[PDB]
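A.B. asks: Residue numbers (the entry's author numbering), protein chains in the order written: chain A, 41 to 279, 285 to 459; chain E, 167 to 519; chain D, 8 to 98, 106 to 115, 120 to 351; chain C, 177 to 351; chain I, 1 to 10, 24 to 61, 71 to 79, 83 to 136, 155 to 235, 261 to 268, 297 to 334.
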Amino acid sequence: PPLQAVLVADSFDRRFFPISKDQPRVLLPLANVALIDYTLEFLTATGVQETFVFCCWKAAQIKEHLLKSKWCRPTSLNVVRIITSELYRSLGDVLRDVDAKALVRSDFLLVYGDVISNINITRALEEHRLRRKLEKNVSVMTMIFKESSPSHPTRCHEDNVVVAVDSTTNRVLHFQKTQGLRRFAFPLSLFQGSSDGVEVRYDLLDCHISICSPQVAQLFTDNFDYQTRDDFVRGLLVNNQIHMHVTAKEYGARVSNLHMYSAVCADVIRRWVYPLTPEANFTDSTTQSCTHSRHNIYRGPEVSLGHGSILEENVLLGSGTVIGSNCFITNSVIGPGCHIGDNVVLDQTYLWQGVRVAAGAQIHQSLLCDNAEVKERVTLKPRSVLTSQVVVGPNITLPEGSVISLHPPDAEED
Amino acid sequence: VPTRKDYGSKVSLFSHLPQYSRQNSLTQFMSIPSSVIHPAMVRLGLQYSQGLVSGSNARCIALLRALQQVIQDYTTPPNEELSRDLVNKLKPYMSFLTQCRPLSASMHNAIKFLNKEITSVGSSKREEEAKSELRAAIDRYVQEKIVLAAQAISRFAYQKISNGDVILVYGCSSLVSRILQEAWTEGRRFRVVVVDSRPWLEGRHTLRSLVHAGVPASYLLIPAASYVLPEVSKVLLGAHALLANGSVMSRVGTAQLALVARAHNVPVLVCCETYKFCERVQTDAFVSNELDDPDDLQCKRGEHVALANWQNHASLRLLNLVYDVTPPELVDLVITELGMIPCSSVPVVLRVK
Amino acid sequence: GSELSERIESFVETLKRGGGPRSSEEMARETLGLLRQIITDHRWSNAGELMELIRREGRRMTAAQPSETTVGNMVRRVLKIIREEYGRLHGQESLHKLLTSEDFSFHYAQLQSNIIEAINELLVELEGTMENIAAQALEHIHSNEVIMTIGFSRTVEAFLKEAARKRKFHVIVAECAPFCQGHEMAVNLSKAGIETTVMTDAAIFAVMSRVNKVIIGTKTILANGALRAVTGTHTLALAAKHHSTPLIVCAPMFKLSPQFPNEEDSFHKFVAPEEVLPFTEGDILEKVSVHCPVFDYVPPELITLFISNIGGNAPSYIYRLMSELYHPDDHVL
Amino acid sequence: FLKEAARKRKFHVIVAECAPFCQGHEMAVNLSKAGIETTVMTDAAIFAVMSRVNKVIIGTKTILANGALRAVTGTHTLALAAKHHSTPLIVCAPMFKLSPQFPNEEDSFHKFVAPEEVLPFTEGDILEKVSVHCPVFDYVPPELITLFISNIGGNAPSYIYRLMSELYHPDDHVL
Amino acid sequence: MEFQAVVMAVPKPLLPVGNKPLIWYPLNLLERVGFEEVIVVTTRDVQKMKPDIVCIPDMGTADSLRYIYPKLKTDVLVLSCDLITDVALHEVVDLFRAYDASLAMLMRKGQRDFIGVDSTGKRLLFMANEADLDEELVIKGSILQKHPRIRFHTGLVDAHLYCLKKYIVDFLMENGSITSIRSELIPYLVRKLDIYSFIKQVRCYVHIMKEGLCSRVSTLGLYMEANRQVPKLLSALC
């Protein structure tokens, strides 16, 4: 049977609210490429032949970006079907609508609109199909995990989970979030079935990828109170089984907040998601061509680097850029068509398309969205966010954690 | 004490070297309360066999501490002199330790120094006084041969490091790490390129040691050394022993790195103390080396292991070398606690002391 | 027909995404077949339009993967073949031509047919190349000889297994650290009883004093006789030059690229750092730069001989062979 | 050295006989009498088989003050061939073969014997117009030597200058 | 020397197992591996290597180990009188010598207690009893941060074979609030005045055989099973 996928584009949360009220989260440029493009590339690379993209919040922009993409071309092997509806509220509603329309016919894929990964789900799919052949209707869902470390920058945030899995047959017996928990509590019934091998895993990075069965949509339709996948997993274990699969030589991560975005971008620029690299140009576009150079230096066409400037570490320079003299750019990504002044020091920054920076600025660990302008003698402290069309005046030093947009009540106004 | 058994089929070129297995040990055929061998010596041999102490100065320090404990627990029998009795008693311990793992040059020098110190004990000296004096001599040796000898080398190597340098290191070395940390603490600003190799992968012991200090460090494997060398300013290498002919005996990936560094006009620097100087000579890694566990070359690439069952193939041999020898013409500078001397002044230091 | 379009797109994505044909011979064969299907399933009045479309296809194929030079080599070979056929049916630069001295708009009917037949011969030559290198085994390997090889090469494997049925010698295989493919070659050689030994790269120099000859292969050969080999091969060449050990290269004719070593910063193939440093290291991965280059550059002065389907040659003659395979106007493609 | 290393090891030995004084045949017979798999060859083939030799071990008549050697003729060619293939060259010589003299006494360093060994007397009338020279010894530079084995152990040539200072007085160099 | 064997029998040690005394089985295990002298803490009626019998007037394991405190001078090897096994003793002390462990216990699989052994199978991280747990299992955060993988076992049988250091004996002697060390001290030692003041960290290791006798008799069924399967044990032993 042809492999299908369900791409939930609309992320029903407000983590990027100052940037979400202007454009959806699945259209934010990670490395000058949209996150939905990364997700579609990951889906097409593993063998998916049909994708159902559900868009609720700002569906027009996502729809036109998809029609302008490569996966919607007549020569593509992964058919993309944009199913937009205006009264979607959570992933449970999307799965209930899928069950109502009967779109899926076999074990499909469940991912979000922002999932950067190069995992090829064939071994996990074969295991999920073989396990469902022995048992009648067991193994309704198989979650994909990645071996990681509790100290890795990508695995230190809200998505920290702890599972109690059977080592003989990989099956999730417990699932909970460690948000603000000094100690974890596990029920004693877990040791009632096997009592031979039961291990508690804390080195699993949640990739938010699932190989599901058509029974998952039916269970979501039955239990109307189910909203997200975590609720379903937590409610199914207390009452069908849920298994898992762990990879150790592939990358997978879902962008959910700002620091997760930073870690994912730093991994993408450092070729950790190979072959998905900025120099590969997997989107097959003419405005995103680039050349790779030593120390992971990504140089686009006609960047016009100035004399005296130094590219020390992993940097990405888009097309149409122009950089002044005596600049120090490191560990940062610069969008296409930017104008940098002189004696500017950029470190761990993220400049989107159309950002203009005057001479004398010092930006460290800050995000500058589209059409952001910085005047002379401006210092941006780490974790400072500048949304679109924000022009910070001169001789002004922003504190740490400064978020300024055109809207009054988010954090601050222009 | 039963002799250790050989494991696997050794290479024809290295058929004169012992090859043991880490899984099997000799403690299976010994007393649980050790009688013939001292319990501290048995613990040290077990740690050497299991690889818990896998350094050069650490092995010497552990051996000297075990010897101090043995001397403290030593009691001279009647009708016998301590000078000969202790020397005759410490020989089976060294034989057992060699059976556990081939001794290093630092351990050999420490054993020789301790034997000389014990033989140089007077007859009229009391037992407790002689034991305390031997312990104090071992402590002074540890202090002025490893601790005090490292500060001088760190101070001598500080004036050779400049701002903006790209130092290339290899494997795990206490002296190199200490030198780099002290140079970064003094105020020198540079970056280090760490080179590693299978199967020990001990270079990661240095990498995470630099990140915790604040030095910008990079990581790569030894087959990709010719790619990063064009940007390397100088190469800092550690030495396990300096032979009397100027050759450097060190980790197997040292002479190769020194040879590839010569083709890129990169100066090669060697750091070693004067207590590791050997009066013997050696021209190749074939006459004297160490054959580690050949089962460490197995790696899981993809789904299966290509070397899962290598004993089934008769004509299949697995070579796992440990040490290698670098000729003196590939070494530019040797840093010791006496000063920055060339690689040809090794016998001179052997003659002065 | 659009079938050719689907085939071209599938081949482009198979080259760009991951690894398709896991052997250079099959890659060259499918490249030649796809070029033949393009020549047949397309309308071109004169040779100019055909050459232009073939050049565009080869350019996009090399843009899909720059390191896979076999596709570009086959494209340039097809271009040269078209050029000879056009020059023959119609009627290099040197000093003689510069002292004693053109467009493809003319149309010919049977020309295409001829071209096809020409491609045909090349096809058959492929299934000879490997054995055309293997049959020259006994001429370069004598009994009781120590031989060292690095990585996994089908050509060197066939060479050794053909030289072992009548001689008996010693073989040492140094496994590459990122991709330990030398273990597979070691097992395949030990399955034939050749007294094979396995070692790491760090010991390549250590045992270099007890090796009589080194025999290796490569991914492609440059125009000046240089090599684009697997990483760690430059160290092996340096060690062989230090001990004056002859270094033999087994490579067929479809591994000759007219390009010169001037495309730095893209010569080596960089893969994910997961092979060198694992992901489970911890928080140190955010301050450590890890690079894993797959290929490396080997200068021509460290090579002794080149064994190909035409026989044994010296590097100082490679410049001629290129001139006998490709046209100077097809170097940039 | 070879007959003591053969009672516990087994290796290959090749002996190149000198053309004027073919004394290598006697050593080859003495080695083959102990079962060491000895081979005999000429000097012209010294380079030809040099690619299949792991180590060269020789002796000498005397050692100069700078580490140089006064060996039998044809030894400089062997040292050059060993340096071309980076083959280690070991010298077995006791302590009484150290001379404080330096290579500055040319035209008398080599020992010249009658030309009867090179060209026989029964050649004819051509002996009156042909100059025949038969030098017995030759000079070997110190940079072509790897190690020196003596009764005190193994040393490098770059240390020979010290050993001389430990055996003779600077006022007795000219004697 | 290196160790000091102590066997407590508080009768059962005189039960005929193959027309032989029960306490004879540990004593035979103590021999054939050094141990030219042993300490025995038994009752008054329990009377018969160089055994050193000690007569005890409850008096569990802890207050009996601290009752012979002036007799112990080195590391202790505590066993029980009711124990029949074929284990190679070195396999336990190899975890006590190389790693310098504070505690080395021997256990086996049973053909209630939760044991959180780590991935390597030797280091002991978690050890709790079902009677002490109220409703669920509680695991600290730092333990899971340092060791992300903790394999739990519940069908294990304890052999009461413990190699302990001397400062642990000093702790048991100074603090008279611990009895039945197997149920009170071992979970306290795994939990990491305190013991740190007596040390002049704390590491606990566990060995498992899975293919041996390692049977500590405590009831009628275990006694009859030991009687039934001791024959070829003696055939391989005597």
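Note that beta-carbon positions come from the ideal geometry of N, C-alpha and C, so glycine has one too.
1) State the DSSP-derived secondary structure class of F272 of chain A, mapped to helix, strand or coil.
2) Looking at the C-beta of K183 of chain I, does it have a partner C-beta in chain A at a distance below 8 Å?
3) Do you know how far the Cα of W317 of chain A is from the Cα of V66 of chain A?
4) Out of curiosity, what's the CA-to-CA distance linking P381 of chain A and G351 of chain A?
5) Shorter than 8 Å from the beta carbon of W111 of chain A to some beta carbon of chain D?
6) Taking only the alpha-carbon atoms, compute the straight-line gap between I314 of chain A and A308 of chain A and give it to the nearest angstrom.
7) Does the Cβ of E81 of chain A have 16 or more other Cβ atoms within 10 Å, making it buried, or fewer, making it exposed?
8) From this set, D:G8, D:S262 and D:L86, which residue's C-alpha is nearest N230 of chain C's C-alpha?
9) Assuming contact is defined by CB atoms lying nearer than 8 Å, are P264 of chain C and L323 of chain C in contact in what I supplied?
10) Just to make sure I have the definition right: I need the residues of chain E whose C-beta is within less than 7 Å of the C-beta of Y335 of chain C. Which are they?
11) According to a CB-to-CB cut-off of less than 8 Å, which residues of the segment 420 to 432 of chain E neighbour chain D?
12) If I measure Cβ to Cβ from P276 of chain D and keep anything under 6 Å in the same chain, skipping five residues before and after, which residues do I get?
13) Could you pull the DSSP bridge partners for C383 of chain A from this structure?
14) Mark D107 of chain I as exposed unless 16 or more other C-beta atoms lie within 10 angstroms of its C-beta, in which case mark it buried.
15) When the Cα of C338 of chain E is compared with those of E:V167, E:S220, E:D498 and E:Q464, which residue comes out closest?
16) Can you tell which of D:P296, D:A244, D:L60 and D:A257 has its C-alpha closest to the C-alpha of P389 of chain E?
17) Residues of chain F with a CB under 9 Å from the CB of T322 of chain C: which are they?
18) What did DSSP end up calling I61 of chain D once you bin it into helix, strand or coil?
19) Starting from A290 of chain D, find everything on chain A with Cβ-Cβ shorter than 7 Å and list it in chain order.
20) Looking at the unbroken alpha helix (DSSP H) that takes in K278 of chain E, where does it start and where does it end?
21) Quick one: list the residues of chain A neighbouring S284 of chain D, beta-carbon separation under 9 Å, in chain order.
22) Once DSSP output is grouped into helix, strand and coil, what is the label at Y343 of chain A?
23) Name, please, each residue of chain I whose Cβ falls closer than 9 Å to the Cβ of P227 of chain A.
24) What are the boundary residues of the beta strand (DSSP E) that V53 of chain I is part of?
25) Given a cut-off of 8 Å, decide if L252 of chain E and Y240 of chain E are closer than it, judged by their beta-carbon atoms.
26) Reducing DSSP to helix, strand and coil, say where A255 of chain C ends up.
27) Alpha carbon to alpha carbon, how far is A176 of chain D from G55 of chain D?
28) Can you tell me whether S416 of chain E is buried or exposed, with buried defined as 16 or more other CB within 10 angstroms of its CB?
29) For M8 of chain I, which beta-bridge partners are listed by DSSP?
30) Report the rounded CA-to-CA distance for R83 of chain D versus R90 of chain D, giving the unit in angstroms.
31) Where does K442 of chain E fall in DSSP's three states?
32) Given a cut-off of 8 Å on the beta-carbon distance, is the pair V436 of chain A and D459 of chain A in contact?
33) Looking at chain C, is there any beta carbon in it that lies within less than 8 Å of the beta carbon of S510 of chain E?
34) Taking the beta carbon of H197 of chain A as the centre, do at least 16 other beta carbons fall within 10 Å, making it buried, or is it exposed?
35) In this structure, does DSSP put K72 of chain I in helix, strand or coil?
36) Can you give me the Cβ contacts of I165 of chain D inside the same chain, cut-off strictly under 8 Å, excluding the 5 residues immediately before and after it?
C.D. replies: On the basis of the data shown:
1) helix
2) yes
3) 21 Å
4) 16 Å
5) No, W111 of chain A lies away from the interface with chain D (no Cβ there is under 8 Å from its Cβ).
6) A direct Cα-Cα distance of roughly 10 Å separates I314 of chain A from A308 of chain A.
7) Buried.
8) Among D:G8, D:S262 and D:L86, the Cα nearest to that of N230 of chain C belongs to D:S262.
9) yes
10) In chain order: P513.
11) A421, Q422, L425, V426 and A429
12) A241, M340, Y344 and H349
13) None; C383 of chain A has no bridge partner.
14) buried
15) Cα-wise, what sits closest to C338 of chain E is E:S220.
16) D:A257
17) Of the chains in the structure shown, none is chain F; the protein chains are A, E, D, C and I.
18) The three-state secondary structure of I61 of chain D, taken from DSSP, is helix.
19) Ordered by position in chain A, the residues that pass the 7 Å Cβ test against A290 of chain D are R316, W317 and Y319.
20) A271 to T285
21) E324, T336, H337 and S338
22) strand
23) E178, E179 and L180
24) Element bounds for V53 of chain I: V51 to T55.
25) Yes.
26) helix
27) 42 Å
28) buried
29) Its beta-bridge partners are I:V54 and I:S105.
30) 10 Å
31) The answer is helix: DSSP assigns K442 of chain E an H, G or I state.
32) yes
33) yes
34) exposed
35) coil
36) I159, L178, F187, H188, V189, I190, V229, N230, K231, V232 and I233
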